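work-v4.tsv follows; it contains TSV, C-alpha atoms.
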```tsv
chain	number	residue	atom	x	y	z
C	2	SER	CA	-18.68	-6.64	16.57
C	3	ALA	CA	-16.81	-9.75	15.23
C	4	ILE	CA	-14.48	-7.21	13.47
C	5	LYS	CA	-11.99	-5.23	15.62
C	6	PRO	CA	-10.55	-1.82	14.58
C	7	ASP	CA	-7.15	-3.60	14.24
C	8	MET	CA	-7.02	-7.09	12.72
C	9	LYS	CA	-4.21	-9.41	11.69
C	10	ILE	CA	-3.90	-11.00	8.24
C	11	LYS	CA	-2.47	-14.46	7.48
C	12	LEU	CA	-2.32	-15.72	3.91
C	13	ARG	CA	-0.94	-18.48	1.69
C	14	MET	CA	-1.16	-18.23	-2.10
C	15	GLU	CA	-0.44	-21.19	-4.39
C	16	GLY	CA	-0.52	-20.91	-8.14
C	17	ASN	CA	0.99	-21.19	-11.55
C	18	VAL	CA	1.61	-18.51	-14.19
C	19	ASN	CA	2.52	-19.71	-17.71
C	20	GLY	CA	3.46	-23.09	-16.08
C	21	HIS	CA	5.69	-21.52	-13.35
C	22	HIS	CA	4.59	-22.89	-9.90
C	23	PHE	CA	4.91	-20.82	-6.71
C	24	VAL	CA	3.82	-20.60	-3.07
C	25	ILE	CA	3.77	-17.21	-1.29
C	26	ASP	CA	3.02	-16.47	2.36
C	27	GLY	CA	1.71	-13.23	3.79
C	28	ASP	CA	1.48	-11.82	7.33
C	29	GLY	CA	0.02	-8.35	7.93
C	30	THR	CA	-2.36	-6.10	9.78
C	31	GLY	CA	-5.15	-3.72	8.84
C	32	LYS	CA	-7.82	-1.29	9.99
C	33	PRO	CA	-11.14	-2.56	8.52
C	34	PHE	CA	-13.09	0.64	9.36
C	35	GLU	CA	-10.33	2.92	7.88
C	36	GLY	CA	-10.02	0.83	4.66
C	37	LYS	CA	-6.26	0.24	5.15
C	38	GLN	CA	-4.05	-2.85	5.22
C	39	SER	CA	-0.39	-3.75	4.85
C	40	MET	CA	1.35	-7.10	4.74
C	41	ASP	CA	4.78	-8.71	4.36
C	42	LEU	CA	4.85	-11.27	1.54
C	43	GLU	CA	7.51	-13.92	1.11
C	44	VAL	CA	7.92	-16.30	-1.83
C	45	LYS	CA	8.46	-19.78	-0.33
C	46	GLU	CA	8.62	-21.96	-3.50
C	47	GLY	CA	9.30	-21.06	-7.16
C	48	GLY	CA	11.51	-17.97	-6.54
C	49	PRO	CA	12.92	-15.98	-8.21
C	50	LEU	CA	9.52	-15.60	-9.93
C	51	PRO	CA	9.95	-15.42	-13.71
C	52	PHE	CA	6.99	-13.02	-14.12
C	53	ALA	CA	6.00	-9.55	-12.84
C	54	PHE	CA	5.07	-9.77	-9.11
C	55	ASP	CA	2.53	-6.98	-9.75
C	56	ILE	CA	0.04	-9.31	-11.50
C	57	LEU	CA	-0.46	-11.10	-8.11
C	58	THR	CA	-0.96	-8.13	-5.81
C	59	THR	CA	-4.79	-7.60	-6.05
C	60	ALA	CA	-5.14	-11.31	-5.06
C	61	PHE	CA	-3.16	-10.58	-1.80
C	65	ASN	CA	-10.08	-8.66	1.03
C	66	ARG	CA	-12.82	-6.03	0.71
C	67	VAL	CA	-13.38	-6.12	4.51
C	68	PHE	CA	-10.51	-3.55	4.36
C	69	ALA	CA	-12.63	-0.83	2.71
C	70	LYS	CA	-14.16	2.23	4.47
C	71	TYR	CA	-17.97	1.94	4.00
C	72	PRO	CA	-20.34	4.85	4.72
C	73	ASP	CA	-23.59	4.06	6.60
C	74	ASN	CA	-25.56	4.73	3.36
C	75	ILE	CA	-24.00	1.65	1.60
C	76	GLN	CA	-24.66	-1.96	2.77
C	77	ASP	CA	-21.19	-3.41	3.79
C	78	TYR	CA	-21.56	-6.96	2.47
C	79	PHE	CA	-17.99	-7.83	3.59
C	80	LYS	CA	-18.18	-6.86	7.30
C	81	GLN	CA	-21.67	-8.49	7.45
C	82	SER	CA	-20.10	-11.77	6.14
C	83	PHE	CA	-18.12	-12.24	9.44
C	84	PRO	CA	-17.60	-14.19	11.48
C	85	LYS	CA	-18.24	-17.09	9.01
C	86	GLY	CA	-16.49	-15.26	6.12
C	87	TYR	CA	-16.84	-15.10	2.34
C	88	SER	CA	-15.04	-16.06	-0.87
C	89	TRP	CA	-14.27	-14.29	-4.13
C	90	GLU	CA	-13.42	-15.44	-7.64
C	91	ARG	CA	-11.73	-13.06	-10.10
C	92	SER	CA	-10.98	-13.08	-13.84
C	93	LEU	CA	-8.14	-10.78	-15.05
C	94	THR	CA	-7.96	-10.13	-18.81
C	95	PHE	CA	-4.88	-8.29	-20.19
C	96	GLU	CA	-4.74	-6.42	-23.51
C	97	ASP	CA	-2.06	-8.82	-24.99
C	98	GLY	CA	-4.14	-11.98	-24.32
C	99	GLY	CA	-2.81	-12.88	-20.86
C	100	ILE	CA	-5.61	-14.28	-18.68
C	101	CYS	CA	-5.69	-15.08	-14.95
C	102	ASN	CA	-8.23	-16.66	-12.62
C	103	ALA	CA	-7.84	-16.19	-8.85
C	104	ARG	CA	-9.87	-17.18	-5.77
C	105	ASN	CA	-9.67	-16.32	-2.05
C	106	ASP	CA	-11.57	-18.16	0.73
C	107	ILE	CA	-11.51	-15.78	3.71
C	108	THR	CA	-12.25	-16.88	7.31
C	109	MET	CA	-11.73	-15.24	10.69
C	110	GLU	CA	-10.20	-16.89	13.79
C	111	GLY	CA	-10.30	-14.42	16.71
C	112	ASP	CA	-8.38	-11.24	15.70
C	113	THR	CA	-7.02	-12.77	12.40
C	114	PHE	CA	-8.32	-13.04	8.82
C	115	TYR	CA	-7.10	-16.22	7.15
C	116	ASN	CA	-6.83	-16.28	3.34
C	117	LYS	CA	-6.55	-19.35	1.11
C	118	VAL	CA	-5.50	-17.83	-2.23
C	119	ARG	CA	-5.09	-19.53	-5.63
C	120	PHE	CA	-3.80	-17.71	-8.73
C	121	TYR	CA	-3.59	-19.23	-12.22
C	122	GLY	CA	-2.35	-17.33	-15.26
C	123	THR	CA	-1.80	-18.38	-18.86
C	124	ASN	CA	-1.35	-17.13	-22.43
C	125	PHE	CA	1.10	-14.35	-21.43
C	126	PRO	CA	3.34	-13.67	-24.42
C	127	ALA	CA	6.99	-14.56	-23.63
C	128	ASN	CA	8.06	-11.07	-24.91
C	129	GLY	CA	5.27	-9.22	-23.02
C	130	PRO	CA	5.77	-6.97	-19.95
C	131	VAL	CA	4.55	-9.69	-17.52
C	132	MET	CA	7.04	-12.40	-18.56
C	133	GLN	CA	9.82	-9.75	-19.17
C	134	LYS	CA	9.17	-8.09	-15.71
C	135	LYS	CA	8.62	-4.55	-17.12
C	136	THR	CA	5.75	-3.50	-14.81
C	137	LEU	CA	6.09	-0.58	-12.33
C	138	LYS	CA	2.71	-0.45	-10.49
C	139	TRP	CA	-1.05	-0.62	-10.77
C	140	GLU	CA	-2.77	2.73	-11.29
C	141	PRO	CA	-5.34	3.69	-8.64
C	142	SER	CA	-8.76	2.35	-9.71
C	143	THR	CA	-12.50	2.45	-9.14
C	144	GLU	CA	-14.34	-0.87	-8.70
C	145	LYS	CA	-17.97	-0.77	-9.90
C	146	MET	CA	-20.05	-2.97	-7.54
C	147	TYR	CA	-23.48	-4.26	-8.68
C	148	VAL	CA	-25.58	-7.45	-8.62
C	149	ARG	CA	-25.55	-9.78	-11.68
C	150	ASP	CA	-27.63	-13.04	-11.68
C	151	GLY	CA	-28.07	-12.75	-7.81
C	152	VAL	CA	-24.27	-12.37	-7.20
C	153	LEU	CA	-22.37	-9.30	-5.94
C	154	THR	CA	-20.00	-8.43	-8.84
C	155	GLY	CA	-17.19	-5.87	-9.01
C	156	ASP	CA	-15.72	-4.63	-12.30
C	157	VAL	CA	-12.45	-2.72	-12.75
C	158	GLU	CA	-10.97	-1.32	-15.97
C	159	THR	CA	-7.39	-0.43	-15.05
C	160	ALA	CA	-3.77	-0.62	-16.14
C	161	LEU	CA	-0.25	-1.41	-15.04
C	162	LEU	CA	2.26	1.40	-15.61
C	163	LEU	CA	5.27	0.02	-17.55
C	164	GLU	CA	8.78	1.32	-18.02
C	165	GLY	CA	8.82	3.96	-20.80
C	166	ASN	CA	5.63	6.02	-20.15
C	167	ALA	CA	3.47	3.09	-21.46
C	168	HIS	CA	0.41	1.45	-19.83
C	169	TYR	CA	-0.72	-2.18	-20.02
C	170	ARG	CA	-4.50	-2.52	-19.79
C	171	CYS	CA	-6.32	-5.10	-17.64
C	172	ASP	CA	-10.04	-5.60	-17.00
C	173	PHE	CA	-11.10	-7.72	-14.09
C	174	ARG	CA	-14.38	-9.01	-12.76
C	175	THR	CA	-14.77	-10.35	-9.22
C	176	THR	CA	-17.74	-12.27	-7.82
C	177	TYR	CA	-18.18	-12.22	-4.06
C	178	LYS	CA	-20.25	-14.72	-1.97
C	179	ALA	CA	-20.88	-14.76	1.85
C	180	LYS	CA	-20.58	-18.25	3.43
C	181	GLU	CA	-23.73	-17.60	5.53
C	182	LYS	CA	-26.97	-17.96	3.48
C	183	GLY	CA	-29.09	-14.79	3.85
C	184	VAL	CA	-26.48	-11.94	3.91
C	185	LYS	CA	-28.33	-9.18	2.00
C	186	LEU	CA	-26.75	-7.95	-1.21
C	187	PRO	CA	-25.83	-4.25	-1.27
C	188	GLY	CA	-27.09	-1.63	-3.71
C	189	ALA	CA	-24.72	-0.72	-6.56
C	190	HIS	CA	-21.77	1.47	-5.45
C	191	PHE	CA	-18.08	2.28	-6.11
C	192	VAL	CA	-14.94	1.29	-4.21
C	193	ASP	CA	-11.88	3.49	-4.92
C	194	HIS	CA	-8.63	1.51	-4.43
C	195	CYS	CA	-4.92	2.21	-4.48
C	196	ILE	CA	-2.48	-0.72	-4.07
C	197	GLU	CA	1.28	-0.05	-3.58
C	198	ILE	CA	4.46	-2.13	-3.17
C	199	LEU	CA	6.05	-0.11	-0.35
C	200	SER	CA	9.34	-2.10	-0.41
C	201	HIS	CA	10.91	-5.18	-1.98
C	202	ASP	CA	14.12	-7.21	-2.24
C	203	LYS	CA	16.13	-7.85	-5.43
C	204	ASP	CA	13.87	-10.51	-7.06
C	205	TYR	CA	10.61	-9.61	-5.18
C	206	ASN	CA	11.10	-12.70	-2.98
C	207	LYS	CA	10.08	-10.28	-0.18
C	208	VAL	CA	7.46	-7.54	-0.73
C	209	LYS	CA	5.63	-5.16	1.57
C	210	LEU	CA	2.19	-4.41	0.11
C	211	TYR	CA	-0.26	-1.70	1.11
C	212	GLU	CA	-3.87	-1.03	0.06
C	213	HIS	CA	-6.28	1.86	0.82
C	214	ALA	CA	-9.94	1.42	-0.25
C	215	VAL	CA	-13.01	3.67	0.27
C	216	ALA	CA	-16.63	2.86	-0.76
C	217	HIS	CA	-18.73	5.76	-2.17
C	218	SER	CA	-21.79	6.58	-4.35
C	219	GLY	CA	-19.95	8.95	-6.80
C	220	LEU	CA	-20.68	12.34	-5.05
```
Would you mind giving the structure from this file in structure tokens?
Amino acid sequence: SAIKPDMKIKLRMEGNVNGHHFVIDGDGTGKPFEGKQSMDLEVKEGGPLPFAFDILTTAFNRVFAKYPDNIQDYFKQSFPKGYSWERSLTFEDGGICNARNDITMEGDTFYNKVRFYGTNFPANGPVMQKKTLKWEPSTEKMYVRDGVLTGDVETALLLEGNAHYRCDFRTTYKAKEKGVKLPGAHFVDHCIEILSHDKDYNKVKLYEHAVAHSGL
């Protein structure tokens, strides 16, 4: 199998949020068949970021999701050539982001070319004031829309003060190889965590656990 039980992760994100430019590198490992990954992230340009690091973290690969035999694993079947995704994030106070990842594999390593653009965040809102604590665990609803594998999440960031900040996002996923069969509709349960950080989140250790299921 192109995909090993233990794989490395290399990533560079470039982007702009409310006009603030940044570049962030990532280097990690994961267990594709266990649905688990961690990575060290380092801000290389634009630090200290003037917005909540949390809005970025889902953009830092559904190959790291535990799929049962009874669901088609579109992501593992996309390798070795790889796949891309495009995501829209809509926040309840009008903030909007668009992100993309082009994912390839070179030997034991997944390479990730990540772009993240955000705009229309209110200056006084929890993103630009850095009031976020974490994403809540979520369920991604996977289905096919207009011939394209689509995943929808309705979720929230926990804020300081027992308040939540709602976000909906929609991801479209496309294998590079023509002919990779679309899966049936299913769920992917996710939990993403910042395990550690430095003062201004110039350095972050990020973890994700994801499991695909049919709801039973």
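In terms of minimum interatomic distance to residue 147 (chain C), C:177 ranks closest within C:71, C:34, C:177, C:83, counting all atoms listed in the file.
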Using all atoms of region 170-188 of chain C that appear in the file, construct an axis-aligned enclosing box with 3 Å of padding on every side and provide its centre coordinates and edge lengths in Å, rounded to one decimal, as AutoDock Vina command-line options.
```
--center_x -16.8 --center_y -9.9 --center_z -7.1 --size_x 30.6 --size_y 22.6 --size_z 31.3
```
Atom-to-atom span, CA of residue 184 (chain C) and CA of residue 153 (chain C), Å: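 Distance reported for this atom pair: 11.0 Å.
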Point-to-point distance in Å for CA of residue 163 (chain C) and CA of residue 116 (chain C):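 Between these atoms lies a distance of 29.1 Å.
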Exercise: residue 190 (chain C) partners within 12 Å, all atoms listed in the file, chain neighbours under 3 positions left out, as a PyMOL selection string: chain C and resi 71-72+74-78+143-148+153-156+186-187+193+215-220
Shell of 8 Å around region 21-31 of chain C, all atoms listed in the file, local chain residues under 3 positions omitted, as a PyMOL selection string: chain C and resi 7-18+36-48+50-51+61+68
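For the atom pair formed by CA of residue 210 (chain C) and CA of residue 118 (chain C), the distance is 15.6 Å, given to one decimal.
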For residue 33 (chain C), find every residue with an atom within 7 Å (counting all atoms listed in the file), except residues of its own chain fewer than 5 positions away, and show them as a PDB file with C-alpha atoms, keeping the file's coordinate frame.
```pdb
ATOM      1  CA  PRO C   6     -10.550  -1.820  14.580  1.00  0.00           C
ATOM      2  CA  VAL C  67     -13.380  -6.120   4.510  1.00  0.00           C
ATOM      3  CA  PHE C  68     -10.510  -3.550   4.360  1.00  0.00           C
ATOM      4  CA  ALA C  69     -12.630  -0.830   2.710  1.00  0.00           C
ATOM      5  CA  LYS C  70     -14.160   2.230   4.470  1.00  0.00           C
TER       6      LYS C  70
END
```
Within 12 Å of (-10.8, -16.2, 1.9) (file coordinates; only C-alpha atoms), which protein or nucleic acid residues are there? I'd like them as a PDB file with C-alpha atoms, in the coordinates of the input.
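Result file selection.pdb:
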```pdb
ATOM      1  CA  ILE C  10      -3.900 -11.000   8.240  1.00  0.00           C
ATOM      2  CA  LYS C  11      -2.470 -14.460   7.480  1.00  0.00           C
ATOM      3  CA  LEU C  12      -2.320 -15.720   3.910  1.00  0.00           C
ATOM      4  CA  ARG C  13      -0.940 -18.480   1.690  1.00  0.00           C
ATOM      5  CA  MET C  14      -1.160 -18.230  -2.100  1.00  0.00           C
ATOM      6  CA  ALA C  60      -5.140 -11.310  -5.060  1.00  0.00           C
ATOM      7  CA  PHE C  61      -3.160 -10.580  -1.800  1.00  0.00           C
ATOM      8  CA  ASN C  65     -10.080  -8.660   1.030  1.00  0.00           C
ATOM      9  CA  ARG C  66     -12.820  -6.030   0.710  1.00  0.00           C
ATOM     10  CA  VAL C  67     -13.380  -6.120   4.510  1.00  0.00           C
ATOM     11  CA  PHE C  79     -17.990  -7.830   3.590  1.00  0.00           C
ATOM     12  CA  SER C  82     -20.100 -11.770   6.140  1.00  0.00           C
ATOM     13  CA  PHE C  83     -18.120 -12.240   9.440  1.00  0.00           C
ATOM     14  CA  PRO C  84     -17.600 -14.190  11.480  1.00  0.00           C
ATOM     15  CA  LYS C  85     -18.240 -17.090   9.010  1.00  0.00           C
ATOM     16  CA  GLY C  86     -16.490 -15.260   6.120  1.00  0.00           C
ATOM     17  CA  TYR C  87     -16.840 -15.100   2.340  1.00  0.00           C
ATOM     18  CA  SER C  88     -15.040 -16.060  -0.870  1.00  0.00           C
ATOM     19  CA  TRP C  89     -14.270 -14.290  -4.130  1.00  0.00           C
ATOM     20  CA  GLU C  90     -13.420 -15.440  -7.640  1.00  0.00           C
ATOM     21  CA  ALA C 103      -7.840 -16.190  -8.850  1.00  0.00           C
ATOM     22  CA  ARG C 104      -9.870 -17.180  -5.770  1.00  0.00           C
ATOM     23  CA  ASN C 105      -9.670 -16.320  -2.050  1.00  0.00           C
ATOM     24  CA  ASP C 106     -11.570 -18.160   0.730  1.00  0.00           C
ATOM     25  CA  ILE C 107     -11.510 -15.780   3.710  1.00  0.00           C
ATOM     26  CA  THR C 108     -12.250 -16.880   7.310  1.00  0.00           C
ATOM     27  CA  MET C 109     -11.730 -15.240  10.690  1.00  0.00           C
ATOM     28  CA  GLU C 110     -10.200 -16.890  13.790  1.00  0.00           C
ATOM     29  CA  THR C 113      -7.020 -12.770  12.400  1.00  0.00           C
ATOM     30  CA  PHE C 114      -8.320 -13.040   8.820  1.00  0.00           C
ATOM     31  CA  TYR C 115      -7.100 -16.220   7.150  1.00  0.00           C
ATOM     32  CA  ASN C 116      -6.830 -16.280   3.340  1.00  0.00           C
ATOM     33  CA  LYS C 117      -6.550 -19.350   1.110  1.00  0.00           C
ATOM     34  CA  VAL C 118      -5.500 -17.830  -2.230  1.00  0.00           C
ATOM     35  CA  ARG C 119      -5.090 -19.530  -5.630  1.00  0.00           C
ATOM     36  CA  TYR C 177     -18.180 -12.220  -4.060  1.00  0.00           C
ATOM     37  CA  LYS C 178     -20.250 -14.720  -1.970  1.00  0.00           C
ATOM     38  CA  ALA C 179     -20.880 -14.760   1.850  1.00  0.00           C
ATOM     39  CA  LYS C 180     -20.580 -18.250   3.430  1.00  0.00           C
TER      40      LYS C 180
END
```
Proximity to residue 123 (chain C) - best of C:102, C:58, C:166, C:19, only C-alpha atoms: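 Of C:102, C:58, C:166, C:19, the one nearest residue 123 (chain C) is C:19, counting only C-alpha atoms.
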Once N, CA and C atoms are restored for region 113-136 of chain C, what would the output be as a tab-separated table (two decimals), in the coordinates of the input?
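Output file out-v2.tsv follows:
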```tsv
chain	number	residue	atom	x	y	z
C	113	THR	N	-7.79	-12.53	13.65
C	113	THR	CA	-7.02	-12.77	12.40
C	113	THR	C	-7.93	-13.20	11.25
C	114	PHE	N	-7.74	-12.57	10.09
C	114	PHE	CA	-8.32	-13.04	8.82
C	114	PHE	C	-7.34	-14.02	8.21
C	115	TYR	N	-7.85	-15.19	7.87
C	115	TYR	CA	-7.10	-16.22	7.15
C	115	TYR	C	-7.57	-16.23	5.70
C	116	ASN	N	-6.64	-16.45	4.79
C	116	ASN	CA	-6.83	-16.28	3.34
C	116	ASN	C	-6.20	-17.47	2.66
C	117	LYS	N	-7.02	-18.21	1.93
C	117	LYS	CA	-6.55	-19.35	1.11
C	117	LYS	C	-6.66	-18.94	-0.36
C	118	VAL	N	-5.53	-18.54	-0.93
C	118	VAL	CA	-5.50	-17.83	-2.23
C	118	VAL	C	-4.94	-18.77	-3.29
C	119	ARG	N	-5.58	-18.80	-4.44
C	119	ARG	CA	-5.09	-19.53	-5.63
C	119	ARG	C	-5.04	-18.55	-6.79
C	120	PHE	N	-4.04	-18.67	-7.63
C	120	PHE	CA	-3.80	-17.71	-8.73
C	120	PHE	C	-3.24	-18.51	-9.90
C	121	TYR	N	-3.99	-18.53	-10.98
C	121	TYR	CA	-3.59	-19.23	-12.22
C	121	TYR	C	-3.57	-18.25	-13.37
C	122	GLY	N	-2.45	-18.20	-14.08
C	122	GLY	CA	-2.35	-17.33	-15.26
C	122	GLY	C	-1.83	-18.11	-16.44
C	123	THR	N	-2.27	-17.71	-17.62
C	123	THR	CA	-1.80	-18.38	-18.86
C	123	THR	C	-1.88	-17.43	-20.03
C	124	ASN	N	-1.25	-17.84	-21.14
C	124	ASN	CA	-1.35	-17.13	-22.43
C	124	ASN	C	-0.64	-15.77	-22.34
C	125	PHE	N	0.27	-15.57	-21.40
C	125	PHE	CA	1.10	-14.35	-21.43
C	125	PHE	C	2.13	-14.51	-22.51
C	126	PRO	N	2.26	-13.55	-23.44
C	126	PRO	CA	3.34	-13.67	-24.42
C	126	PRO	C	4.71	-13.66	-23.71
C	127	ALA	N	5.63	-14.48	-24.21
C	127	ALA	CA	6.99	-14.56	-23.63
C	127	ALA	C	7.65	-13.19	-23.68
C	128	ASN	N	7.38	-12.36	-24.70
C	128	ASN	CA	8.06	-11.07	-24.91
C	128	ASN	C	7.27	-9.95	-24.25
C	129	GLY	N	6.13	-10.27	-23.61
C	129	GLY	CA	5.27	-9.22	-23.02
C	129	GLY	C	5.77	-8.74	-21.66
C	130	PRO	N	5.23	-7.63	-21.15
C	130	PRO	CA	5.77	-6.97	-19.95
C	130	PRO	C	5.64	-7.84	-18.69
C	131	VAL	N	4.73	-8.79	-18.69
C	131	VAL	CA	4.55	-9.69	-17.52
C	131	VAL	C	5.72	-10.70	-17.46
C	132	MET	N	5.99	-11.39	-18.55
C	132	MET	CA	7.04	-12.40	-18.56
C	132	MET	C	8.43	-11.74	-18.69
C	133	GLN	N	8.52	-10.46	-19.09
C	133	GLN	CA	9.82	-9.75	-19.17
C	133	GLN	C	10.06	-8.90	-17.92
C	134	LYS	N	9.07	-8.85	-16.99
C	134	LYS	CA	9.17	-8.09	-15.71
C	134	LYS	C	9.42	-6.60	-15.97
C	135	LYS	N	8.55	-5.98	-16.74
C	135	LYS	CA	8.62	-4.55	-17.12
C	135	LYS	C	7.56	-3.72	-16.41
C	136	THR	N	6.83	-4.29	-15.46
C	136	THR	CA	5.75	-3.50	-14.81
C	136	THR	C	6.32	-2.65	-13.69
```
